[PDB]
């Protein structure tokens, strides 16, 4: 019975195979057939290429040896190499052109999802070329999805030597009959076959996957679109900054490039961005996913005034100051969306660009108290219930699992009416004791929120709602301003609290505003429609935030 799948890199997980470029160059340069592939393999197990693949020498050391091999091969075949013939240029282009074979990676991901141990086994080199980063990036993206990466140049062994296969079985902690081995080179496939591993010769990806699903008994071809890569909290880099004596802010950090600060809503976590973090880092951004003040590993002081927008924003500026960041792109959802608009209004020099999911920017009405303004919208009744300190904390902290299961639901699964909450006397009074699990979340993901909320509870989070008057007076100081920095507003069709119509006047205060819209998407945007969120945010970042 199979329980391990091994994939080659070249011609299997990555295409076009860097191998085929020697034949392509021959044909494009009208050189005798096989001339370059012959110079590439000159000396066999004793030649320059084997020394390279075993890690004896680096790629830059191999380049002049291959050039000398090309010369001897052309001499014997009675031909001439062209004037600006560069092995460096040929391979720079070939490596750069090689991209991940997405359907092959999707199959490896599915097999691992079904409890398979997956590995990459590859004949590769120590790359010290000026342009080595492209390949480093490719290897980084691929490897995170596998249990093991076995590189010939690191192990001092190459395919087809039989020792590398015994090394493979040893790392897999598996007998050969439990292993599928996928390779594009029949000669590299033979020793695995000789040992009794299931083997697949890969030419076209489609046929290889048909062979793979037949042999594993798992659907891999024509399968639905998978969810974006998520985060394992224990595998992340965790950052901590003290912004003032009693207040520290925790964040999760991934990627390189322009700093992107993700600001969650109520009652959430940095983890609400789990589907965005790998995708934005992959897009070329340095992601800083916050635990906002009052949440997770960030400090949660008990004082209401500690959660007014003026202080929350001041601390976010101090956070940038301590990290040595002159700016960050600020992306917020829900209450985090409200914060990001104030960052843009009060600290434009610190905000590279601003984006909000669901939360519209609405200027303060100087002729009405925020209490009157809340009363005007029946959907905002739960906000009045959240006012009295200790009341909502008691209900929300009673059964943590019930709280998150009841809140985190798609538009077609609702358990919660947020209208006539004060009248009913609670958020969950007409809600079941043991709610069903929403399609948007796993049981494990719910338990992560439960564990995060065990530290500080709901006091700090609820305190965000308890500064209406304070926030209103502060926001009135910005009434003569406009947001003129790059800005994106993303509306969610089925968010019944933060409705798309509520954002209709934004153009008056943000004239250059760009928009995104997600159909059949409820309040919990990031987990409801993660693929669409990632597409909208990356397109906007690349065009407007660099």
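Between two forms, the rigid core is defined as the largest C-alpha subset superposing within 1.5 Å. Residue numbers count along the first chain shown, from 1.
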Greater root mean square CA deviation, 408 to 416 compared with 331 to 339 in 9 other deposited structures of this protein, core aligned: 408 to 416
If you line up the core and then measure how far each C-alpha sits from this form in 9 other deposited structures of this protein, which stretch comes out higher, 18 to 26 or 531 to 539? 18 to 26
Between 218 to 226 and 83 to 91, name whichever shows the higher mean Cα B factor according to the PDB entry. 83 to 91
Quick note on 205 to 213 and 365 to 373: per-entry mean CA temperature factor is higher in 365 to 373
443, 161, 388, 315, ranked by C-alpha B-factor: the highest one: 161
Check the PDB entry and point out which of 321, 291, 194, 147 has the largest C-alpha temperature factor. 194
Would the CA B-factor of residue 37 place it in the lowest, middle or highest third of its chain? highest
What third of its chain's C-alpha B-factors does residue 408 belong to: lowest, middle or highest? middle
Should residue 176 be placed in the lowest, middle or highest third of its chain by the C-alpha B factor in the entry? highest
By the record's CA B-factor, is residue 381 among the lowest, middle or highest third of residues in the chain? highest
Taking the values exactly as deposited, rank residue 188 by C-alpha B-factor within its chain and report the matching third: lowest, middle or highest. highest
